[PDB]
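Chain letters run A, B, ... following the sequence lines, proteins first, then strands; residues in each count from 1. Just so it is clear, the values below take in all heavy atoms, side chains as well, and ignore hydrogens, waters and symmetry mates.
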There are 2 protein chains.
Amino acid sequence: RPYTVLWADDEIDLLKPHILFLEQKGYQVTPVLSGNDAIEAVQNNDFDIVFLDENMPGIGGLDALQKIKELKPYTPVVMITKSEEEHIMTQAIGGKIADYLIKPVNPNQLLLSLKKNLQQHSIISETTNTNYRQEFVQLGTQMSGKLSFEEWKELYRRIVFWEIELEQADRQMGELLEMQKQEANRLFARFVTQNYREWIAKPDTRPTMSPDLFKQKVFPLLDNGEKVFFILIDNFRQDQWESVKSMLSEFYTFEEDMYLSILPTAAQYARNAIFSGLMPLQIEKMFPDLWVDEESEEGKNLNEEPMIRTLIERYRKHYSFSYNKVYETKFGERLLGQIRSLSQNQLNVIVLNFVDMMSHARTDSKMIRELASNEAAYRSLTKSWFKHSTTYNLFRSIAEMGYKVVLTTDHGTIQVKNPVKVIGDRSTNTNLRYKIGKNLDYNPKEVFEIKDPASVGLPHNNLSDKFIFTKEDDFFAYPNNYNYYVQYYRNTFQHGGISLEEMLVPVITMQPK
Amino acid sequence: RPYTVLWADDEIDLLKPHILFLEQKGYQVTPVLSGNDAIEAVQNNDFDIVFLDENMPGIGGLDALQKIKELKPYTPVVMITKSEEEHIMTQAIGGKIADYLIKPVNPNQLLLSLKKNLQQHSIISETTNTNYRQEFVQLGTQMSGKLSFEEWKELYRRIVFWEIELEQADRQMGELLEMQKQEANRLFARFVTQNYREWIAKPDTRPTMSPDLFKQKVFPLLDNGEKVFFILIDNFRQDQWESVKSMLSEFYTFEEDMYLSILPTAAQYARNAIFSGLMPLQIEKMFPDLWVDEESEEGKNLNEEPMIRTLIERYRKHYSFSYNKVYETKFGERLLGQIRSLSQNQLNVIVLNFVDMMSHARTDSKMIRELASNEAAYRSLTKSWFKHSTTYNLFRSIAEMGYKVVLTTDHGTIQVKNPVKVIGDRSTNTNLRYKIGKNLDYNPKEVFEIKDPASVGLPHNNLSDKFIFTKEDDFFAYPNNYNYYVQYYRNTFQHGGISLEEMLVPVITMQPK
Ligand code: BEF
Ligand code: BEF
Ligand SMILES: [Zn+2]
Ligand SMILES: [Zn+2]
Ligand SMILES: [Zn+2]
């Protein structure tokens, strides 16, 4: 079927050359001479696009626009007029005009406007597929050759970008990236297993990790006299920052970067390392009060504010600061009300936990299994919360206050696929991406064995304790009810292990506009 | 602040007057001679917009665009070239260009695209605010007089339209419509309580209601030899339809309409009326084995496929039909996978329950309390579900199967606000918007008294039973721990009573494009 065009213009006869040209290109043009005729035509038909002229007898062009957008809000309306007035242009833009063309009109301009407003989705789709197939060989070739951390960053940023651009494409085109994604995870998995021990041993030569975050990305700005809001959104992947960055460009300049999470990828160690500036083991030694062991019943991140103080004082700084933790809407509302009473501190730290709460609810919540069945839904559901929670307005006010913002997280999360059999003490931790214990049977290769936790800067309730970690998208399953739990945990989001999603996380330094 | 423009063209010299015109109108313009110089400037500067000439030395104009979008995807780009080729248009469109202007370009045309690509949201907001006040007058006029059912449809449609249209505006602009909506609900409740008993007694004259839906909206299509998918999304408000119809306009054209759900606005009564074509009392009188009374705890809508068979038979029809109920996520994926097999039926009934489950979860799920805290969030969450669940690809597949779709619901829901004291019994039901009881104590002025359930086509277990319904945003609250349950149920979504959201519900007839 060919596309239909409704063209309303009292001088429609002067446009015969254009109309023949359009009919020549396969379009079915319907002419009328008044806006009343135009509205009636829209009432009784389903045109694909409407060309309107501003100056007509009787009803005006912009009035027909308003009435037409009430009847067919999804049908693009192009305004084609002699007038160059600024109030006419403005009103048309406000009337939701799809495009505005000033007479005299190049016939080829009409052609462009018809392609862009009737086929931009189908066109963008075929280009994206083409441009992806173009870059496919480079991707596999880019990762094939062993590469540096800085290159690993760009490789992942690239895969994320493609993962988002291909949400709309067909399965076949989706799977080509999944393979590349998981193959990258496999290759990234072994990449960290080779160097993780030496990053702990050699802090000078290592990449930025959780204990260095405040030192590399926060202290420079504070020392430079800049006022900062450090926003920690627990469990915020790279692709979740891509999903929300468009909302924030309206208020901020982005200085995007990434850093490496320590293992395990969970708040107990990675987030405590961030605010303390130390590895968990050094937290237990130097500050035994502030560390909470794994076997304890109490929460494991209740002493982040005092840790911040030790970090500030340990570096001989005298920053004024504040700490707020929003784990419940109503608390985040009160914070949004008193936000501007924090204008005195050089550093305001806000922790948001809903995304981690939601990521976990993907397992034990019927609601979130549906609303985040897949990663695209997960990202969309993340966008909805960012917008309609206090978070959006929170950023808006901070931008008004002139505070720079370092937006980052403590770890990501990954959709788990394959079970890894493990058996341990009943008192063994219940995390599915890492386990702590002594009497643990498993296959050493299938996991990432750490028999000397002190070397990787991790404390232990005993001193025969060993750490094991899943890699890629694996997850631990116990032989009891193995058939059941593997069903229950397949395709859920789990953090604590090793993967590009979990470890490679964004740290965005944002300047208000 | 004045907006920054980056213009890249090898013949920049010639475009100088265009630049003075832009710079005259308060636009900072930065000119480069090639993409390479353009690609640099974007990294080293935060530009508001880019102007890309296609044909330049070395770097391809389109290949620069591809880079700029990957660096600063949030920044619009306008292409201004002498090219009139089709693929350059196509490639530029596929590169996510904002506007494409053929040389020679009118200066006012460059002004047009600058207003339309850097301010559009602000202009639309002002126009929306202005236009609503002008229409606010008429709406007040429409409500002033006595209203027919058809006028109630049109009024409610326009309230919802402005409800969504004003999501992007100040609070006070939202409180004007809120007052308008509340007044509309008050009159509509008055309108229902005056005429409801007449409607059940005069089928030939009453407006379309639940037991009439199939004969009025489905059978005429099948009689005309059309293939119909009847999709009932439980608990789907007008504003929820309004939120998704953009997604569907890509594949269907719509004949939008609304009908009245019978009371109570609950699946047990309204939805069974739909599929049986009878009032609940008639379902019990004629098909007692298919009716499930209130006392029992078994599901109340488990015999809808038999009811459809009796409806087809009752009207001496010979339709081939299927019936599928989706509440699990996995089952929906199975249905989509096998959607083609339903091509052997004239009528395909699909029931989707998630939106109702989701709506109820707004009460007892701290997840949905956050994700659907307000009506705007409720709509945003319905949109993401529709898109990223199997529902989107279900309508997609149905259109490709040349099937006509009748999308509707059994009732809406309303955010409750004010309690209405009621004394009942352990036997009394738990619905917040209506009660059934032999001995109910309440203030008759705060409810709609049905002492004669049979007169409104309702069954009951005891001869002295009666029905009472809340109106507007009221909800029933029992005296014991009244204070706790008032604050607990306040601001939740509840259905079963009288309101525009609950009763005046959409029925869309859709034709595949
Ligand atoms: F008469 Be139209 F506005 F060119
Ligand atoms: F040289 Be450009 F493509 F006008
Ligand atoms: Zn965390
Ligand atoms: Zn977590
Ligand atoms: Zn229902």
Trace of the salt bridge (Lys or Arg N to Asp or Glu O under 4.0 Å) decision for A/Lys387 with B/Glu167
CA-CA 12 Å; A/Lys387 177 68 130 192; B/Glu167 286 166 342; over 6 Å; no
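- Looking only at side-chain heavy atoms (C-beta outward), A/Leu458 and A/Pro264 come within less than 4.5 Å of each other.
- Panel note: side chain A/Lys513, backbone A/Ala399; no donor-acceptor pair is recorded below 3.5 Å.
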Verify salt bridge (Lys or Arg N to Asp or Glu O under 4.0 Å) between A/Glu294 and A/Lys300, making sure each step is shown before the conclusion.
CA-CA 8 Å; A/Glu294 181 70 55; A/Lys300 322 299 183 62; 3.6 Å; yes
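- Proximity of a side-chain donor or acceptor of A/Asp465 to a complementary backbone N or O of A/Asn462 within less than 3.5 Å is detected.
- Listed for the A/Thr408 side chain is no donor-acceptor partner under 3.5 Å among the backbone atoms of A/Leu232.
- In this structure, A/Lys471 contributes its side chain and A/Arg190 its backbone to no donor-acceptor pair below 3.5 Å.
- Under the 3.5 Å distance criterion, the side-chain polar atoms of A/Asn235 are left unmatched by any main-chain donor or acceptor of A/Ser359.
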Start with the C-alpha distance between A/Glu165 and B/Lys69, add both sets of side-chain angles, then the distance that settles salt bridge (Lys or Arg N to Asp or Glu O under 4.0 Å), and finish with yes or no.
CA-CA 12 Å; A/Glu165 300 288 273; B/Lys69 282 286 142 182; over 6 Å; no
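- At most 12 heavy atoms of other shown residues, nucleotides or ligands fall within 6.0 angstrom of atom NZ in A/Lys451.
- Side-chain atoms of B/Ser125 do not come within 3.5 Å of backbone N or O of B/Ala169 as any donor-acceptor pair.
- Counted within 6.0 Å of CZ on B/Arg369, heavy atoms from surrounding residues, nucleotides or ligands total more than 12; the atom is thus considered enclosed.
- Judged as a salt bridge (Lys or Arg N to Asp or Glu O under 4.0 Å), and not counting sequence neighbours, B/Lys67 has no contacts.
- Put simply, the side chain of A/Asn431 gets close to the backbone of A/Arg433: a donor and an acceptor are under 3.5 Å apart.
- Heavy-atom neighbours of B/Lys366 NZ from other residues, nucleotides or ligands within 6.0 Å: at or below the threshold of 12.
- In this structure, the side chains of B/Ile49 and B/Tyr3 stay at 4.5 Å or more apart for every pair of heavy atoms.
- Side chains of A/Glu256 and A/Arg157 form a contact here, defined as non-hydrogen atoms less than 4.5 Å apart.
- If you check the side chains of A/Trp162 and A/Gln180, you find no donor sitting under 3.5 Å from an acceptor.
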Check against salt bridge (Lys or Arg N to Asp or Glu O under 4.0 Å), A/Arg158 and B/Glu70
CA-CA 9 Å; A/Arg158 193 70 193 166; B/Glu70 293 165 317; 2.6 Å; yes
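- Taking the side chain as every heavy atom from C-beta outward, B/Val77 and B/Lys96 never approach each other to under 4.5 Å.
- Of the charged side-chain nitrogens involved, none lies within less than 4.0 Å of a carboxylate oxygen, so that A/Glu242 and A/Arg379 do not count as a salt-bridged pair.
- Residues B/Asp48 and B/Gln28 bring no donor and acceptor atom of their side chains to less than 3.5 Å of each other.
- Remark: B/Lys72 pairs with B/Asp46 by the salt bridge (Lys or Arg N to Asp or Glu O under 4.0 Å) rule, at least two apart or across chains.
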Walk me through whether A/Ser148 and A/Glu151 qualify under side chain to side chain donor-acceptor pair (under 3.5 Å).
CA-CA 5 Å; A/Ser148 160; A/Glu151 287 163 335; 5.0 Å; no
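- Not one N or O on the side chain of B/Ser34 forms a donor-acceptor pair closer than 3.5 Å with the backbone of B/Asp37.
- Across A/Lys227 and A/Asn345, no two heavy atoms sit closer than the pair CD-O, 3.9 Å.
- Side-chain atoms of A/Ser243 come within 3.5 Å of backbone N or O of A/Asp239 as a donor-acceptor pair.
- Side-chain contact of A/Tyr378 with A/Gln240: a donor-acceptor pair under 3.5 Å is present, judged by distance alone.
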Can A/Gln282 and A/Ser276 be said to form a side chain to side chain donor-acceptor pair (under 3.5 Å), step by step?
CA-CA 9 Å; A/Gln282 308 308 137; A/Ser276 80; over 6 Å; no
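- No more than 12 heavy atoms of other residues, nucleotides or ligands shown are found within 6.0 angstrom of CD on A/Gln344.
- A 4.5 Å side-chain heavy-atom check between A/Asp356 and A/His495 finds at least one atom pair inside the cut-off.
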Yes or no on ring-ring contact (aromatic ring centres under 6.0 Å, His included) for A/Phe395 and A/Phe251, after CA distance, side-chain angles and deciding distance?
CA-CA 8 Å; A/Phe395 284 81; A/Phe251 319 107; 9.1 Å; no
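- A/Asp234 is linked by a side-chain hydrogen bond (donor to acceptor under 3.5 Å, both in side chains) to A/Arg271, A/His411, counting only residues two or more places apart in sequence or in another chain.
- Shortest non-hydrogen contact noted between A/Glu502 and A/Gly496 is OE2-N, 3.0 Å.
- The closest side-chain donor-acceptor pair between A/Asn185 and A/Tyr156, if any, does not fall under 3.5 angstrom.
- Evaluation of the ring-ring contact (aromatic ring centres under 6.0 Å, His included) rule for A/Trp291 yields A/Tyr269 as partners, not counting sequence neighbours.
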Please step through side chain to side chain contact (heavy atoms under 4.5 Å, CB included) for the pair B/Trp7 and B/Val78, ending with a clear verdict.
CA-CA 9 Å; B/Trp7 203 337; B/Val78 177; over 6 Å; no
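- Aromatic ring centres of A/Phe254 and B/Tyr74 lie closer together than 6.0 Å.
- A donor and an acceptor atom, one from each side chain of A/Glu501 and A/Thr265, are nowhere located under 3.5 Å apart.
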Side chain to side chain contact (heavy atoms under 4.5 Å, CB included) between A/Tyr319 and A/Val218: does it pass, once the steps are laid out?
CA-CA 12 Å; A/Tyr319 312 134; A/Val218 184; over 6 Å; no
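- Remark: A/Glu226 pairs with A/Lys404 by the salt bridge (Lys or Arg N to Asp or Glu O under 4.0 Å) rule, at least two apart or across chains.
- Contact of the B/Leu381 side chain with the A/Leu371 side chain is registered, since non-hydrogen atoms from C-beta on lie closer than 4.5 Å.
- The aromatic rings of A/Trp199 and A/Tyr196 lie perpendicular to each other, with more than 60° between the two planes, well past the 30° mark.
- Contact check for A/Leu432 versus A/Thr470: no side-chain heavy atoms found under the 4.5 Å cut-off.
- Residue B/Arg1 places its CZ atom among more than 12 non-hydrogen atoms of other residues, nucleotides or ligands, all under 6.0 Å distant.
- Under the rule for a salt bridge (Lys or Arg N to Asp or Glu O under 4.0 Å), the partners of A/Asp212 that lie at least two apart in sequence or sit in another chain are A/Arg206.
- Side-chain contact between A/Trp152 and A/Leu260 is absent, with no heavy atoms from C-beta onward closer than 4.5 Å.
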Applying ring-ring contact (aromatic ring centres under 6.0 Å, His included) to A/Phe214 and A/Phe230, what does each step give before you reach the verdict?
CA-CA 9 Å; A/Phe214 264 72; A/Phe230 189 85; 4.5 Å; yes
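- Under the 3.5 Å distance criterion, the side-chain polar atoms of A/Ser210 are matched with a main-chain donor or acceptor of A/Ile262.
- When every heavy atom of A/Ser322 is checked against every heavy atom of A/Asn348, the shortest pair comes out as OG-OD1, 2.8 Å.
- Side chains of B/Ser122 and B/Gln119: no donor on one and acceptor on the other come within 3.5 Å.
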